[PDB]
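Here is the file upload10.txt (compact mmCIF, C-alpha atoms and all ligand atoms).
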```txt
# COMPACT_ATOMS: atom_id res chain seq x y z
CA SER A 1 44.82 -91.79 -84.22
CA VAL A 2 44.17 -88.16 -85.23
CA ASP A 3 46.00 -87.70 -88.52
CA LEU A 4 46.57 -84.09 -89.51
CA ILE A 5 46.70 -85.02 -93.22
CA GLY A 6 43.82 -86.68 -95.06
CA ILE A 7 42.00 -86.55 -98.39
CA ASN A 8 38.44 -86.44 -99.64
CA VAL A 9 37.61 -89.36 -101.92
CA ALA A 10 34.55 -88.06 -103.78
CA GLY A 11 32.23 -89.75 -106.25
CA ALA A 12 29.48 -91.53 -104.35
CA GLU A 13 27.53 -88.24 -104.16
CA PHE A 14 27.94 -87.32 -107.84
CA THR A 15 25.04 -86.35 -110.13
CA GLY A 16 22.61 -85.51 -107.35
CA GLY A 17 19.80 -85.01 -109.88
CA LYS A 18 19.77 -88.72 -110.80
CA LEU A 19 18.05 -90.66 -108.01
CA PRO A 20 18.55 -93.42 -107.25
CA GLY A 21 20.95 -93.33 -110.19
CA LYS A 22 23.21 -96.13 -111.34
CA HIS A 23 26.62 -97.04 -109.97
CA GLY A 24 29.32 -96.70 -112.62
CA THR A 25 27.15 -94.23 -114.59
CA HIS A 26 25.93 -91.44 -112.29
CA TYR A 27 28.02 -92.07 -109.15
CA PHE A 28 31.27 -93.85 -108.42
CA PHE A 29 32.75 -95.79 -105.51
CA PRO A 30 36.49 -96.63 -105.36
CA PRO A 31 37.39 -99.65 -107.49
CA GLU A 32 39.35 -102.49 -105.97
CA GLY A 33 42.99 -101.42 -105.71
CA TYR A 34 42.05 -97.75 -105.40
CA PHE A 35 43.29 -97.12 -101.86
CA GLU A 36 46.67 -98.80 -102.51
CA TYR A 37 48.13 -95.70 -104.18
CA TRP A 38 47.13 -93.41 -101.32
CA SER A 39 48.28 -95.85 -98.65
CA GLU A 40 51.71 -96.01 -100.25
CA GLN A 41 51.75 -92.19 -100.29
CA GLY A 42 51.34 -92.22 -96.51
CA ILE A 43 47.73 -91.02 -96.45
CA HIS A 44 45.84 -92.76 -93.66
CA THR A 45 42.60 -90.74 -93.28
CA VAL A 46 39.90 -90.32 -95.94
CA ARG A 47 36.71 -88.23 -95.92
CA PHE A 48 34.03 -89.98 -98.00
CA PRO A 49 30.94 -88.12 -99.29
CA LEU A 50 27.62 -89.98 -99.44
CA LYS A 51 24.22 -88.91 -100.77
CA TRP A 52 21.40 -89.13 -98.24
CA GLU A 53 18.74 -89.92 -100.87
CA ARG A 54 20.76 -92.92 -102.09
CA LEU A 55 21.48 -94.12 -98.55
CA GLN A 56 17.81 -93.80 -97.61
CA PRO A 57 15.38 -93.45 -100.54
CA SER A 58 12.42 -93.16 -98.16
CA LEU A 59 12.52 -91.22 -94.90
CA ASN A 60 12.24 -93.21 -91.65
CA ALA A 61 12.82 -96.52 -93.49
CA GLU A 62 15.75 -98.90 -93.82
CA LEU A 63 18.89 -97.97 -95.69
CA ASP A 64 19.14 -99.07 -99.32
CA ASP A 65 21.08 -102.31 -99.05
CA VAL A 66 22.65 -101.98 -102.52
CA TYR A 67 24.15 -98.51 -101.95
CA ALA A 68 24.93 -99.32 -98.32
CA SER A 69 26.72 -102.50 -99.39
CA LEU A 70 28.91 -100.38 -101.65
CA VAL A 71 29.79 -98.43 -98.51
CA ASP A 72 30.48 -101.73 -96.72
CA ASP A 73 32.91 -102.67 -99.48
CA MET A 74 34.63 -99.27 -99.39
CA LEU A 75 35.19 -99.56 -95.64
CA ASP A 76 36.56 -103.08 -96.10
CA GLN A 77 39.07 -101.89 -98.69
CA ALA A 78 40.06 -98.99 -96.45
CA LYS A 79 40.75 -101.53 -93.69
CA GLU A 80 42.81 -103.55 -96.18
CA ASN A 81 45.01 -100.49 -96.78
CA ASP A 82 45.29 -99.12 -93.21
CA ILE A 83 43.01 -96.16 -93.91
CA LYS A 84 40.41 -94.71 -91.55
CA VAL A 85 37.31 -93.10 -93.02
CA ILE A 86 35.14 -90.11 -92.15
CA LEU A 87 31.65 -90.72 -93.51
CA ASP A 88 30.20 -87.43 -94.85
CA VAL A 89 26.45 -86.98 -95.42
CA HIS A 90 26.99 -84.61 -98.34
CA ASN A 91 23.53 -83.07 -98.43
CA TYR A 92 23.62 -79.34 -97.57
CA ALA A 93 21.06 -79.79 -94.76
CA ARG A 94 18.45 -80.85 -97.33
CA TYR A 95 16.58 -84.00 -98.38
CA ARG A 96 15.06 -83.97 -101.88
CA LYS A 97 15.65 -80.19 -101.95
CA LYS A 98 13.83 -79.54 -98.64
CA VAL A 99 15.51 -78.21 -95.50
CA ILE A 100 15.84 -80.32 -92.34
CA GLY A 101 13.38 -78.82 -89.86
CA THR A 102 10.67 -77.95 -92.36
CA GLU A 103 7.38 -79.83 -92.36
CA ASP A 104 8.43 -82.34 -95.01
CA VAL A 105 11.85 -83.16 -93.50
CA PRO A 106 11.39 -83.08 -89.71
CA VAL A 107 14.46 -83.28 -87.52
CA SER A 108 13.24 -86.71 -86.39
CA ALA A 109 13.73 -87.96 -89.97
CA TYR A 110 17.30 -86.68 -89.94
CA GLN A 111 17.88 -88.31 -86.55
CA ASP A 112 16.59 -91.60 -87.97
CA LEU A 113 19.11 -91.44 -90.82
CA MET A 114 22.00 -90.97 -88.41
CA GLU A 115 20.76 -93.71 -86.10
CA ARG A 116 20.78 -96.06 -89.10
CA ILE A 117 24.21 -94.95 -90.31
CA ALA A 118 25.70 -95.43 -86.83
CA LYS A 119 23.98 -98.79 -86.30
CA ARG A 120 25.30 -100.20 -89.58
CA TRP A 121 28.90 -98.99 -89.37
CA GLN A 122 29.79 -98.34 -85.69
CA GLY A 123 31.22 -101.85 -85.57
CA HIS A 124 33.59 -101.23 -88.50
CA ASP A 125 37.20 -100.76 -87.43
CA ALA A 126 37.90 -98.61 -90.51
CA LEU A 127 35.28 -96.03 -89.51
CA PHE A 128 36.93 -93.02 -87.87
CA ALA A 129 34.21 -90.38 -87.42
CA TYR A 130 30.91 -88.99 -88.71
CA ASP A 131 30.75 -85.68 -90.60
CA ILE A 132 27.04 -85.52 -90.01
CA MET A 133 26.27 -82.92 -92.73
CA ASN A 134 28.18 -81.14 -95.50
CA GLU A 135 27.64 -77.36 -95.84
CA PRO A 136 24.29 -76.15 -94.53
CA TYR A 137 23.54 -72.95 -96.44
CA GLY A 138 20.85 -70.43 -97.24
CA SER A 139 17.44 -71.10 -95.72
CA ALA A 140 18.96 -74.06 -93.85
CA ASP A 141 21.22 -71.78 -91.77
CA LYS A 142 18.71 -70.79 -89.08
CA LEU A 143 17.37 -74.33 -88.71
CA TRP A 144 20.76 -76.05 -88.78
CA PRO A 145 21.64 -75.94 -85.02
CA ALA A 146 18.44 -77.83 -84.16
CA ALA A 147 19.12 -80.29 -86.98
CA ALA A 148 22.70 -80.83 -85.79
CA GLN A 149 21.48 -81.73 -82.30
CA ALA A 150 19.09 -84.34 -83.70
CA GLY A 151 21.93 -85.74 -85.81
CA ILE A 152 24.13 -85.94 -82.72
CA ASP A 153 21.42 -87.66 -80.68
CA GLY A 154 20.92 -90.17 -83.50
CA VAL A 155 24.55 -91.28 -83.77
CA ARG A 156 24.98 -91.45 -80.00
CA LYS A 157 22.20 -94.03 -79.67
CA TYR A 158 24.53 -96.52 -81.38
CA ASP A 159 28.04 -95.01 -81.19
CA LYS A 160 29.21 -93.33 -77.99
CA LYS A 161 32.95 -93.12 -78.77
CA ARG A 162 33.70 -91.79 -82.26
CA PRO A 163 34.16 -88.05 -82.92
CA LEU A 164 31.26 -86.14 -84.43
CA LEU A 165 32.30 -83.57 -87.03
CA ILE A 166 29.91 -80.61 -86.86
CA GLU A 167 29.89 -78.15 -89.75
CA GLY A 168 28.46 -74.64 -89.60
CA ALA A 169 26.07 -72.41 -91.49
CA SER A 170 27.04 -70.56 -94.68
CA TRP A 171 28.73 -73.53 -96.39
CA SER A 172 30.63 -74.08 -93.11
CA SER A 173 32.70 -71.02 -94.01
CA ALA A 174 35.88 -70.75 -91.95
CA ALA A 175 36.33 -67.05 -92.77
CA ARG A 176 32.77 -66.17 -91.70
CA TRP A 177 32.56 -68.77 -88.89
CA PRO A 178 32.20 -66.40 -85.86
CA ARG A 179 29.26 -64.57 -87.47
CA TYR A 180 26.98 -67.57 -86.82
CA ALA A 181 28.79 -70.26 -84.82
CA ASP A 182 27.70 -68.94 -81.41
CA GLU A 183 24.43 -70.78 -81.99
CA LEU A 184 26.47 -74.02 -82.11
CA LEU A 185 27.54 -73.48 -78.48
CA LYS A 186 24.16 -74.87 -77.35
CA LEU A 187 24.91 -78.29 -78.88
CA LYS A 188 25.27 -81.07 -76.30
CA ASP A 189 27.16 -84.32 -76.83
CA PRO A 190 26.82 -86.91 -74.05
CA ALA A 191 30.19 -88.29 -75.13
CA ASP A 192 31.85 -84.82 -75.12
CA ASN A 193 33.54 -85.65 -78.43
CA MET A 194 32.38 -83.03 -80.93
CA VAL A 195 34.79 -81.44 -83.40
CA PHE A 196 33.83 -78.44 -85.49
CA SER A 197 34.71 -78.65 -89.18
CA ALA A 198 35.03 -75.62 -91.43
CA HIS A 199 35.73 -75.31 -95.16
CA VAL A 200 38.09 -72.93 -96.94
CA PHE A 201 39.14 -72.13 -100.49
CA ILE A 202 41.52 -69.33 -101.43
CA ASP A 203 39.89 -68.10 -104.65
CA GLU A 204 38.12 -64.73 -104.78
CA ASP A 205 34.69 -65.69 -103.41
CA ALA A 206 35.84 -68.79 -101.45
CA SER A 207 33.51 -70.87 -103.64
CA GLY A 208 36.42 -72.99 -104.87
CA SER A 209 35.73 -72.28 -108.55
CA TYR A 210 39.15 -70.63 -109.07
CA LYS A 211 37.82 -68.81 -112.12
CA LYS A 212 40.84 -66.47 -111.98
CA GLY A 213 44.49 -66.91 -111.16
CA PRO A 214 46.15 -65.66 -107.98
CA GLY A 215 46.37 -62.17 -109.49
CA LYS A 216 48.69 -59.31 -108.65
CA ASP A 217 49.23 -58.48 -104.96
CA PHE A 218 48.39 -62.08 -104.07
CA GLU A 219 48.83 -62.58 -100.33
CA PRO A 220 50.48 -65.97 -99.61
CA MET A 221 48.93 -66.00 -96.11
CA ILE A 222 45.38 -65.79 -97.51
CA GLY A 223 44.63 -69.36 -96.44
CA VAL A 224 45.84 -68.66 -92.90
CA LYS A 225 43.84 -65.42 -92.78
CA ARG A 226 40.61 -67.17 -93.79
CA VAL A 227 40.91 -69.91 -91.15
CA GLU A 228 42.04 -67.56 -88.35
CA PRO A 229 38.42 -66.53 -87.52
CA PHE A 230 37.57 -70.21 -87.13
CA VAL A 231 40.66 -71.17 -85.09
CA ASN A 232 40.41 -68.06 -82.88
CA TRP A 233 36.75 -68.86 -82.14
CA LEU A 234 37.81 -72.39 -81.18
CA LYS A 235 40.42 -71.01 -78.78
CA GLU A 236 38.03 -68.45 -77.29
CA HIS A 237 35.40 -71.12 -76.57
CA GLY A 238 37.66 -74.08 -75.78
CA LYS A 239 36.47 -76.18 -78.73
CA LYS A 240 38.22 -78.54 -81.15
CA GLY A 241 38.47 -77.99 -84.89
CA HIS A 242 38.98 -79.56 -88.30
CA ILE A 243 39.14 -78.40 -91.94
CA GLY A 244 37.05 -80.79 -93.98
CA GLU A 245 37.43 -79.20 -97.41
CA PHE A 246 40.26 -77.25 -99.08
CA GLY A 247 41.84 -77.51 -102.51
CA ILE A 248 43.86 -75.61 -105.10
CA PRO A 249 44.62 -75.87 -108.81
CA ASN A 250 47.93 -77.43 -109.83
CA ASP A 251 49.03 -74.76 -112.30
CA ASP A 252 50.42 -71.94 -110.14
CA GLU A 253 53.22 -72.12 -107.59
CA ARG A 254 51.60 -69.28 -105.64
CA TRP A 255 48.70 -71.58 -104.80
CA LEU A 256 51.18 -74.12 -103.41
CA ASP A 257 52.98 -71.52 -101.30
CA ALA A 258 49.68 -70.52 -99.69
CA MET A 259 48.83 -74.17 -99.09
CA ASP A 260 52.20 -74.74 -97.39
CA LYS A 261 51.63 -71.73 -95.13
CA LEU A 262 48.13 -72.98 -94.32
CA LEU A 263 49.37 -76.47 -93.43
CA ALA A 264 52.09 -75.05 -91.17
CA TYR A 265 49.46 -72.98 -89.33
CA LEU A 266 47.14 -75.98 -89.05
CA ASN A 267 50.03 -78.11 -87.78
CA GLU A 268 50.87 -75.58 -85.05
CA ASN A 269 47.24 -75.76 -83.87
CA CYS A 270 46.75 -79.53 -84.38
CA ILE A 271 43.91 -78.92 -86.87
CA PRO A 272 43.49 -81.82 -89.34
CA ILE A 273 42.74 -81.15 -93.00
CA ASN A 274 40.90 -83.16 -95.66
CA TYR A 275 42.09 -82.11 -99.10
CA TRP A 276 39.39 -81.53 -101.75
CA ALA A 277 39.60 -83.77 -103.60
CA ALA A 278 40.74 -87.19 -104.73
CA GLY A 279 38.38 -89.70 -106.33
CA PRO A 280 37.98 -92.29 -109.09
CA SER A 281 35.91 -90.29 -111.62
CA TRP A 282 36.94 -86.64 -111.44
CA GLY A 283 38.16 -86.37 -115.03
CA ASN A 284 39.51 -82.88 -115.75
CA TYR A 285 38.39 -81.38 -112.40
CA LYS A 286 40.86 -78.60 -111.65
CA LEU A 287 41.19 -79.36 -107.93
CA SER A 288 41.68 -83.12 -108.39
CA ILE A 289 44.73 -84.78 -106.87
CA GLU A 290 43.82 -88.17 -108.30
CA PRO A 291 46.66 -89.35 -110.58
CA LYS A 292 45.91 -88.57 -114.21
CA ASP A 293 48.05 -89.04 -117.30
CA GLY A 294 48.86 -85.60 -118.55
CA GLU A 295 48.44 -84.18 -115.04
CA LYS A 296 50.91 -83.51 -112.24
CA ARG A 297 49.71 -83.09 -108.64
CA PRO A 298 52.16 -81.00 -106.60
CA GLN A 299 49.65 -80.84 -103.69
CA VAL A 300 50.43 -84.48 -102.75
CA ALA A 301 54.13 -83.87 -101.98
CA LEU A 302 53.00 -80.99 -99.76
CA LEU A 303 50.54 -83.25 -97.93
CA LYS A 304 53.18 -85.95 -97.45
CA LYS A 305 55.64 -83.34 -96.18
CA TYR A 306 53.27 -82.32 -93.39
CA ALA A 307 52.14 -85.87 -92.65
CA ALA A 308 55.73 -86.52 -91.56
CA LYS A 309 55.55 -83.50 -89.21
CA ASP A 310 52.31 -84.67 -87.56
CA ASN A 311 53.04 -84.97 -83.83
CA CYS A 312 49.48 -84.27 -82.67
CA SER A 313 47.59 -86.85 -80.62
CA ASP A 314 44.24 -85.02 -80.47
CA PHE A 315 42.25 -82.37 -82.28
CA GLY A 316 43.51 -78.89 -81.47
CA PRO A 317 43.73 -76.01 -80.90
CA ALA A 318 45.33 -75.94 -77.45
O1 LIG B 401 32.78 -73.03 -100.52
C1 LIG B 401 32.24 -74.07 -101.29
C2 LIG B 401 30.82 -73.74 -101.63
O2 LIG B 401 30.77 -72.31 -102.02
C3 LIG B 401 29.45 -71.88 -102.57
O3 LIG B 401 29.61 -70.60 -103.03
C4 LIG B 401 29.32 -69.62 -102.03
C5 LIG B 401 30.58 -69.20 -101.35
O4 LIG B 401 31.06 -70.25 -100.41
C6 LIG B 401 30.44 -67.96 -100.59
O5 LIG B 401 31.75 -67.62 -99.99
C7 LIG B 401 29.92 -66.83 -101.43
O6 LIG B 401 29.81 -65.68 -100.66
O7 LIG B 401 28.59 -67.17 -101.95
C8 LIG B 401 28.62 -68.44 -102.81
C9 LIG B 401 27.30 -68.83 -103.17
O8 LIG B 401 26.76 -67.90 -104.08
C10 LIG B 401 29.00 -72.77 -103.72
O9 LIG B 401 27.65 -72.40 -104.08
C11 LIG B 401 29.02 -74.21 -103.35
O10 LIG B 401 28.77 -75.00 -104.54
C12 LIG B 401 30.33 -74.66 -102.75
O11 LIG B 401 30.15 -75.97 -102.20
```
Please re-express this file's structure in structure tokens.
Ligand SMILES: OC[C@H]1O[C@@H](O[C@H]2[C@H](O)[C@@H](O)[C@H](O)O[C@@H]2CO)[C@H](O)[C@@H](O)[C@@H]1O
Amino acid sequence: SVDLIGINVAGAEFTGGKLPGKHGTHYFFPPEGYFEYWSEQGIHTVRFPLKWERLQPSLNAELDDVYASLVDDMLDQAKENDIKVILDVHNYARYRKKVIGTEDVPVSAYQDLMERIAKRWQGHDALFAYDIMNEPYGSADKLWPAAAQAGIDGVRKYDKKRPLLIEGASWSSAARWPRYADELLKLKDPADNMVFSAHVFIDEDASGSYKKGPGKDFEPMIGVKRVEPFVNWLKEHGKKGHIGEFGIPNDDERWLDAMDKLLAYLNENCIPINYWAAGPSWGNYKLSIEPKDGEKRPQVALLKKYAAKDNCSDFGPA
């Protein structure tokens, strides 16, 4: 099913500078019992970041069985708790700091990664979709459309049914989406099941740092206004959409009001959201909705409120 309400469960992509790194020290998968809390809160879809270099420490070669087995176990526990998972290659269109499409990371190497991801997990009932790359940016922007096509071709060799979540240039900015997304119109999916996925924060520079508070003259519809360029481009071109990353601090009611207004707008257009972020090792991270003693998480009640209003059967907009 297409749930409008989902969460990011981050941690497996942490500490990108430590490769391969050590599980429990540099990166973190959900412990056993982790998904139980979110299942009882009525959350049934999870977006799960992964690091390409840990999945595949050598281009064009087999996946690392140790890290991939941690993914196996995660998907099993999601199935235990009635959760479907979006796998997210959280790599900014780069492998070991080099852009997909340059000499050292040819698009064929990216295609090989996605072939291997799809081959290993297409048979897993808990797998919902592939977010084939998180936030292309910078020098990756011009090369990203060609990379995306190779990623699509790779998955479709082994999985011809699941949705493919296609992010855009410029950190997949929702507010800036129409400036660059026309180049994504050339993408071809034999299965005709692509969904575009933009990201939005409502701080000053949309970086999600929230260095400052809402400030005076704060516009509660700011979240709606920053996703309107994305949703209107989807309507103009007859495409389907998704918001794969959005989060707010827990310390100002004005943030919550804007998140309510955003979720209402997304509901009216059948656009799913993945809140950024839950996860087992976030510590004091200001956007975390993971339960923490000496923290309250008023974003969760808002998510649950709109999960009960979800009467969409497919990705919108209409
Ligand atoms: O949006 C999350 C993403 O933002 C990056 O900051 C961008 C920002 O998105 C953009 O709106 C602004 O104009 O430029 C900055 C970059 O200088 C940030 O670098 C990422 O870590 C983050 O994932």
Item checked: Among the residues A:106, A:17, A:136, A:42, the one that comes closest to ligand LIG 401 (chain B) [using all atoms listed in the file] ->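 Among the listed residues, A:136 lies closest to ligand LIG 401 (chain B).
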Next item on the list: Dump the neighbourhood of ligand LIG 401 (chain B) as an NGL selection string: all residues within 10 Å, distances computed on all atoms listed in the file.
Entry: :A and (90 or 92 or 134-138 or 170-176 or 198-209 or 245-246)
Item checked: Nearby residues (all atoms listed in the file) at most 12 Å from residue 40 in chain A, same-chain spacing under 3 positions excluded, as a list in words -> residues 33, 34, 35, 36, 37, 43, 44, 81, 82, 83, 300 and 304 of chain A
Next item on the list: Give me the residues within 6 Å of range 107-120 of chain A as a PyMOL selection string, counting all atoms listed in the file and dropping any in the same chain fewer than 3 places off.
Entry: chain A and resi 60+100-101+147+150-151+154-155+158
Write the residues of the selection above to a file with C-alpha atoms, as a PDB file, keeping the file's coordinate frame.
```pdb
ATOM      1  CA  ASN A  60      12.240 -93.210 -91.650  1.00  0.00           C
ATOM      2  CA  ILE A 100      15.840 -80.320 -92.340  1.00  0.00           C
ATOM      3  CA  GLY A 101      13.380 -78.820 -89.860  1.00  0.00           C
ATOM      4  CA  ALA A 147      19.120 -80.290 -86.980  1.00  0.00           C
ATOM      5  CA  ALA A 150      19.090 -84.340 -83.700  1.00  0.00           C
ATOM      6  CA  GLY A 151      21.930 -85.740 -85.810  1.00  0.00           C
ATOM      7  CA  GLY A 154      20.920 -90.170 -83.500  1.00  0.00           C
ATOM      8  CA  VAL A 155      24.550 -91.280 -83.770  1.00  0.00           C
ATOM      9  CA  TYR A 158      24.530 -96.520 -81.380  1.00  0.00           C
TER      10      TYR A 158
END
```
Checklist line | Of the listed residues A:224, A:5, A:10, A:234, that which approaches residue 301 in chain A most closely, counting only C-alpha atoms | finding: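 The shortest atom-to-atom distance to residue 301 in chain A comes from A:5.
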Next item on the list: Please provide the set of residues having any atom within 6 Å of residue 163 in chain A, restricted to all atoms listed in the file, with same-chain residues fewer than 6 positions apart removed, written as a list in words.
Entry: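 Counting only the stated atoms, we get residues 129, 193 and 194 of chain A.
Reported to one decimal place, the separation of CA of residue 295 in chain A from CA of residue 282 in chain A is 12.3 Å.
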Please identify all polymer residues within 8 Å of range 24-28 of chain A, counting only C-alpha atoms, omitting same-chain residues fewer than 3 positions from it, and present them as an mmCIF file with C-alpha atoms, in the coordinates of the input.
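Output saved as result.cif:
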```cif
data_model
loop_
_atom_site.group_PDB
_atom_site.id
_atom_site.type_symbol
_atom_site.label_atom_id
_atom_site.label_comp_id
_atom_site.auth_asym_id
_atom_site.auth_seq_id
_atom_site.Cartn_x
_atom_site.Cartn_y
_atom_site.Cartn_z
ATOM 1 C CA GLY A 11 32.230 -89.750 -106.250
ATOM 2 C CA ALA A 12 29.480 -91.530 -104.350
ATOM 3 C CA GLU A 13 27.530 -88.240 -104.160
ATOM 4 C CA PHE A 14 27.940 -87.320 -107.840
ATOM 5 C CA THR A 15 25.040 -86.350 -110.130
ATOM 6 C CA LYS A 18 19.770 -88.720 -110.800
ATOM 7 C CA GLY A 21 20.950 -93.330 -110.190
ATOM 8 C CA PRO A 280 37.980 -92.290 -109.090
ATOM 9 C CA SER A 281 35.910 -90.290 -111.620
#
```
Item checked: Which of A:261, A:248, A:161, A:271 sits closest to residue 196 in chain A [using only C-alpha atoms] ->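 Of all the options, A:271 lies closest to residue 196 in chain A.
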Next item on the list: For residue 218 in chain A, list every protein, DNA or RNA residue within 12 Å, evaluated using only C-alpha atoms, and leave out those in the same chain fewer than 3 positions away; present the list as an MDAnalysis selection string.
Entry: chainID A and resid 202:204 212:215 221:223 252:255 257:258
Write out the residues from the selection above, keeping C-alpha atoms, as a JSON list (two decimals), in the frame of the given file.
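In the end it all went to result.json:
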```json
[["chain", "number", "residue", "atom", "x", "y", "z"],
["A", 202, "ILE", "CA", 41.52, -69.33, -101.43],
["A", 203, "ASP", "CA", 39.89, -68.10, -104.65],
["A", 204, "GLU", "CA", 38.12, -64.73, -104.78],
["A", 212, "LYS", "CA", 40.84, -66.47, -111.98],
["A", 213, "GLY", "CA", 44.49, -66.91, -111.16],
["A", 214, "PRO", "CA", 46.15, -65.66, -107.98],
["A", 215, "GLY", "CA", 46.37, -62.17, -109.49],
["A", 221, "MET", "CA", 48.93, -66.00, -96.11],
["A", 222, "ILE", "CA", 45.38, -65.79, -97.51],
["A", 223, "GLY", "CA", 44.63, -69.36, -96.44],
["A", 252, "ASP", "CA", 50.42, -71.94, -110.14],
["A", 253, "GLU", "CA", 53.22, -72.12, -107.59],
["A", 254, "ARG", "CA", 51.60, -69.28, -105.64],
["A", 255, "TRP", "CA", 48.70, -71.58, -104.80],
["A", 257, "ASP", "CA", 52.98, -71.52, -101.30],
["A", 258, "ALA", "CA", 49.68, -70.52, -99.69]]
```
Check: Quick one: of A:30, A:244, A:49, A:298, who's nearest to residue 274 in chain A, counting all atoms listed in the file?
Finding: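 The answer is A:244, which sits nearest to residue 274 in chain A.
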Next item on the list: Point out the residue among A:256, A:19, A:55, A:166 with the least atom-to-atom distance to residue 187 in chain A, counting only C-alpha atoms.
Entry: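 The shortest atom-to-atom distance to residue 187 in chain A comes from A:166.
Among A:148, A:263, A:290, A:88, the residue with the shortest atom-to-atom distance to residue 302 in chain A, counting only C-alpha atoms, is A:263.
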Next item on the list: Mind giving me the straight-line distance from CA of residue 50 in chain A to CA of residue 74 in chain A in Å, one decimal?
Entry: 11.6 Å
